[PDB]
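Quick heads-up: it's one chain on its own, the form deposited in one PDB entry, in structure tokens.
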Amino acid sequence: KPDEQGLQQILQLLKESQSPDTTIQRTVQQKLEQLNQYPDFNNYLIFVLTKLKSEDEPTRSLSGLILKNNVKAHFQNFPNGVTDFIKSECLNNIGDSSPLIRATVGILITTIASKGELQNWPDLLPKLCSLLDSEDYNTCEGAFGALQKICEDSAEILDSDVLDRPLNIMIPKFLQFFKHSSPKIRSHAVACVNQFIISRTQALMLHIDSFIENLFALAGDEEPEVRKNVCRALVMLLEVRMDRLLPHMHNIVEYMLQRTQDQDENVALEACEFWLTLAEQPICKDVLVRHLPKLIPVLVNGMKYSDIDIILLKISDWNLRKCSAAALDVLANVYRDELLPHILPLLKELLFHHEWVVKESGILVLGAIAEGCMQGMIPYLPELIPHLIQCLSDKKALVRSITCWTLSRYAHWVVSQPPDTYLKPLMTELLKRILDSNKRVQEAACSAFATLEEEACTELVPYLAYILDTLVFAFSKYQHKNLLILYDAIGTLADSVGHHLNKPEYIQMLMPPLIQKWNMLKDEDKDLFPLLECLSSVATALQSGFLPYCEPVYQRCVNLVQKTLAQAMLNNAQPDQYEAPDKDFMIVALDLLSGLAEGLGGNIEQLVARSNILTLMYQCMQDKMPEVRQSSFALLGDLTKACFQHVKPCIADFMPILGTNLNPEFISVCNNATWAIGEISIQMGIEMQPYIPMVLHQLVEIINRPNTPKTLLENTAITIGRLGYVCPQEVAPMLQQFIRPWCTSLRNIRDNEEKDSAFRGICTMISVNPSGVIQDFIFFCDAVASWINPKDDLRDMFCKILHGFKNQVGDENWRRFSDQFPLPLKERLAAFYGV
């Protein structure tokens, strides 16, 4: 019987509510395991049926609450028969006259519905919807509260007559409740209708005016819950139905403005979100101009740290400050310089204020409006920047950290000025802050310095030893969260300084501790991604100087490529049992490898030979992700250039893949494949013959393709040139089909090794098949005339062709032909090639 062990459960429940903290872990262990078969049959008798017998609401509500957790962890193992009894007891007590009991029944219903999905309780929503009218308050509230959580949490809507009535009936029913006595109920009502906004539910769309009208009539409710929901509704509608808000816009704005400075922190944040959303709409600029005088002070005031905020640091991912600052950043990009009349008089007050909370809010404002109001800020920079550099030493950390940030926002202007005026002190001061005693100032400074480095470049060279001393020391001082930012600082330093880093002293202090970590990190580490990206930057700047250190870098990268591929395979077979990897670990490993193959170019040959790198590369070229293909094709060309002797035995395998990937849909992949083919043909010589048919036609098609980026066109032109240089016989016949775009393309390129080999290829092709050029000889001349400093032998090839043509067409026709050229064109061909 249940009477025996039932008084044992109720005793275990009374003991569960002790006060020992020792007798609590014991009764929790005793109850969590007491999951036989039918304890939940009991867990409701206590909670729903034994009123007076074992009364004491705390006990009953705890019964239902422990059982709620049983539903959370072990619902799948639930007997079908007990659940049905559970469910019917809940719905029969949804509106219990005891607030605590009906709140317990409430969370019970909510969770069951969340765990066992939509259809598994088919009776629920129809019963909830119906109960909304049930003429006793508690039942109405109970139903509505439950109904609110179900639309909100799980259930992605799309649920007409899954409610057992059309949304056409349901939505106006909701709207009626906007007029209920109880504040809790009209909140529930706005929350429900808010779920149907974004999805553009037709029923709501055909009830907008009624909705909008009812929203306006609630704007003024005491209950902040209602005010908040009204704001959410209005923010949401801003994107879904602008057309219907528009005629009320100024009237709405004035409400939102009052809401953005609301008593309640929540309503305020919700109201504030309005300015963000509106700011990103084309209609914004015209609507708000008039409100800027009132808006800006409100946003700027909202950007101060609150009293609570400060304490917790000395917070939320999103708050009033982050929101206002975001809005102000966006509003600055919209109005640009026209925002300044509204900002500067307020800025003047804030920046030199005696209270730091005020000062630091002003510094934030200054940073926030940077990108947008740059041009108009330039006049005031010569006094503000020196003053910010001063704040960098402020006694208060939170001023120190934000100043770093704001300074970095003006980094570009700083560098554009004489190096000694602003850049020097900024650097001197930022380098000191990188080693601040306060973690937040460390991050801010280190981050700001990274922004500065990228902008300064060469100009950092004089301070390189002091910059490197600070960064390397930071390794020892810093802890996790900060290392990530430090890696990026080092990395950018390599990018900005370039070859200037390649000196034994620099290498001997930087590389040992970077590598120390490279061999410490467990492959599934957050630290590993930025450490890869950093080293890839370093190996490119430390060209040949990176040599002593590549062994473990190269090998681990290859390992990383392999592993990621396997993991991605496992995940494709078994999407549930086996987990997806982050392919960005692969792309970054490939880039490092190709960075390595370029800096070391040749010294790498032994490492390439003893690895699965080419096999791995092949697989990477099969990948579904364009970026992965792209990266390996890049690596292909780099290895072709570095140590072709190991690529050659695979060229028969690679060529068809390169052909398969000569597809303009994926520009970057196409680019790299095209580039790789070209580099291969130079290394292969005549032997490239059998591989031309599969590649050529696609290139001539790609080069003739209307909308094609400049770079891909240029690379196609180069590659066709190089193939032709090596196999004139196979390529020459097609000279007439690609010569127009080829010339239009390569005519705009610097006089380099690429342009040389390409034009060398077209000269060998013209000489094999001259008739291909005549019809469009105007284009060849334009392309030859673009050369400023050609190699002597190339100038002669140009010379022979140009003359050959002139001799064919004769002096008279040529004279006519030359009239077409612009002056500087006529003149170069005449001076350089004697024509």
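For every residue, the number given is its place in the sequence shown, counted from 1. In this text, rigid core is short for the largest set of C-alphas that superpose within 1.5 Å between two forms.
Although not depicted, the form solved in complex with a partner chain is the subject of the following passage.
The closest heavy atom approach of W675 to its partner chain in the deposited complex falls within 4.5 Å.
Its partner chain is not drawn, but in the deposited complex it has no heavy atom within 4.5 Å of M734. Put simply, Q263 is far from its partner chain in the deposited complex: not one heavy atom of it is within 4.5 Å. Among residues of the shown chain, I749 is one whose heavy atoms approach its partner chain to within 4.5 Å in the deposited complex. Only one listed stretch (87-95, 666-674, 425-433, 164-172) carries heavy atoms within 4.5 Å of its partner chain in the deposited complex, and that stretch is 666-674.
Put simply, of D123, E454, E223, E687 only one has a heavy atom within 4.5 Å of its partner chain in the deposited complex, and it is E454.
A heavy atom within 4.5 Å of its partner chain in the deposited complex is found for exactly one of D394, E141, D623, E754: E754. Annotation: the position in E338, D756, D329, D264 displaced by at least 2 Å at CA between the shown form and the other one, with the core superposed, corresponds to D756. For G678, a C-alpha deviation of 2 angstroms or more is recorded between the shown form and the other one after rigid-core alignment. Once you line up the core between the shown form and the other one, the Cα of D469 stays within less than 2 Å of where it was. With a cut-off of 2 Å and the rigid core superposed, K583 has a Cα displacement that reaches or exceeds the cut-off between the shown form and the other one.
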